[PDB]
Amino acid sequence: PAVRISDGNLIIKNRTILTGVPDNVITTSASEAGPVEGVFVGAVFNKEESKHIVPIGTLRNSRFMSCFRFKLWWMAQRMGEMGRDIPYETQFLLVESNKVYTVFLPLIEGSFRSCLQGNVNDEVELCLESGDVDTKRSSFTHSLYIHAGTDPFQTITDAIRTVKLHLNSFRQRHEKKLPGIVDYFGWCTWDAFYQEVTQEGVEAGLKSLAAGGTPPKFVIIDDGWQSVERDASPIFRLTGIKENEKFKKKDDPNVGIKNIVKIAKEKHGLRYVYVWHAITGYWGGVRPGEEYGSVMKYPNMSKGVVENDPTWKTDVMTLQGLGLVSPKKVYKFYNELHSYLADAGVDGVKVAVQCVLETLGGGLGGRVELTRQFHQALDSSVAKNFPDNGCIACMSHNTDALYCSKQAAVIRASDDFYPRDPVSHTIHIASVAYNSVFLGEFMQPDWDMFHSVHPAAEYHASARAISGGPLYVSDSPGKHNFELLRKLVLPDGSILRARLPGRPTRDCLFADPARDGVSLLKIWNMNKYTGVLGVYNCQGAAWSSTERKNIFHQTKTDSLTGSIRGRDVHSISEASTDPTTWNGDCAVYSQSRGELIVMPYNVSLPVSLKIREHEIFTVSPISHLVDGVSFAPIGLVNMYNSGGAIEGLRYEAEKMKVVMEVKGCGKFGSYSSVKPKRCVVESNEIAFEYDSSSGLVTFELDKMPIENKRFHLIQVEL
């Protein structure tokens, strides 16, 4: 059978994972397709309730990684070995058996949402909640799915796919359409002006970035553009769907947000303009009234949320309530808002405050149903009005929204970049990476804005470059480091985006790089013909289970030594042009030191980093043309994700030749065991340098491709 409950134990491929599984916990592997390689898990209770806790069994001596909600809106990571260390509001749990990896996916079932939590006796408890005292139930069959496998990343993907086939309520990341913003540099107004943003400020930011040679091609007009008012520190509520006076042209107040849109696009060459709104309209919802059936609703506290984030009990939203648009009118609300924006030339929305819905289901069939209804309406309106799929999900890390993510393709992966909070930087990097392990199954992770002028700029920028996600700053106008931005952004505003969600390496999945005082975090991604690896020291700070907020904590050393290997890039074989004959040797380029090293298969290279330092490595499979003639493309060596520039690669061993298609401009690098005879770009021989000690070949790609002609055609004759 393979995953099974026997005697009182949960057994996975002949390893006991849980003991003391109680008799009322039921399993099934049946499906309409049919037998499934894991087990759905439920339980039967005596009483109908709107909340149940049930132990699934006892976990001891098994290393785990968990993603848990430290705030309502947002997850972070926790590792451990005992059930007692499993946080409240655990939404994703991965367990290592010492070789076999087991995923636990607590699910939505009917009107109920589940999560996991640990107890003092080391039990892993399943917590099932409808979010509404009127919505009650006494038995469940599919509230948790458990699946095991030998590759931890494949195990997670396979488990998600099985849940999808049972629920049919979401699609996997790879089945969705990415909006076109993810291929361009952008700018977000949020940290530049906060809610004091004006149309002149938007224009000044677009102009200042473009002037330094790194032109953004998308803009997010963040919180502050909307027409909002306090009731007749008081909460603001939405009072109409159009923009406020700061976005009406001063000249003609009848021309609204279309003015800044046309300025952005026609005068400054932007492609996309997005705006922020809350899933409820504004922070205080929408002012009560009959037009969208808005009525006052006050957040209901759930125990697990409040145990981890006690300030939510006295948040302005909790105490002052939200005007909640009616489910009967929610499509009308989004569709009138979004029709107005789209008719003004707006291409998408950043939709924030998403998880509040789970607290507002009391009148209305509970957390799952209300979430599903608002998302169904949001998705219809987005698909109508922003048909490039222009939606970024924000403050949305609840399983109620994840398991109905049928269309939206970009998700903010962590709590906000905080330019003024020194504790936040190392935390942010760990959180984006670990959360991306689970969130990247549903949507492309967005690792958030950052500042190009800031002590942690390079640390943040480097992580964005390897994230696979949208790349955007929130710089105040005129506060730019263009030397840093040139490592991210080409002269036409395009970026070198990697192909996958950036995630921790296999090595790092079970070792906490914020708390263990011993390990570096390694983040891997893939391009088409190289891998990429980012190494970070993020020790010294993390969410505290006793203070219930992010704090600094003590470290034994400042500096830590770890190591890298080619195969740390988990999917590196996929970059090889001949994976069946490849021996696993890679060329490894350090983009900060500018050093090229050949690393044989399995050979480790030491890396030492102090807290808040990082290093980026481009990792390229070596091709052996003939004895003594070996090559690997590196890419745009003065960019962080250098290998993202290589769009085609063919070896012609019979002519001793390499044929490449390369996007961008700047210095191009490659590994060759021999000095090339000639390097040719677009039919003309060009000069080049060769370091015979390292094998590094280097030449300049002078300008971006002429036309249109999207790539430089390069021939390296060995």
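Note that residue numbering follows the sequence shown and begins at 1. By rigid core we mean the largest C-alpha set that fits within 1.5 Å across both forms.
RMS Cα deviation from the shown model in 4 other deposited structures of this protein, rigid core fit, is larger for 700-708 than for the other stretch of the pair 20-28 / 700-708. For residue 86, the fraction of other compared entries lacking coordinates, among those that model flanking residues, is zero, nowhere near a third.
Where the other entries of this protein model the residues before and after it, residue 232 is dropped from at least a third of them. According to the entry, the deposited sequence has 10 or more residues without coordinates between residue 232 and residue 233. The entry models residue 98 and residue 99 with a gap of 10 or more deposited residues left without coordinates. Of the two segments examined, 75-83 and 553-561, it is 553-561 that shows the higher average Cα temperature factor in the deposited entry. The mean Cα B-factor in the deposited entry runs higher for 242-250 than for the other of 569-577 and 242-250. Per the deposited coordinates, the residue with the largest Cα temperature factor out of 255, 535, 498, 378 is 255. Per the PDB entry, 319 shows the highest C-alpha temperature factor of the residues 182, 219, 319, 443. Residue 69: CA B factor lies in the lowest third for its chain, per the PDB record.
Per the deposited record, the Cα B-factor of residue 90 falls in the lowest third when ranked against the other modelled residues of its chain. When the CA B factors of the chain's modelled residues are split into thirds, the value for residue 158 lands in the middle one. In this PDB entry, residue 328 carries a Cα temperature factor that places it within the highest third of its chain's modelled residues.
When the modelled residues of the chain are ordered by C-alpha B-factor, residue 412 sits in the lowest third.
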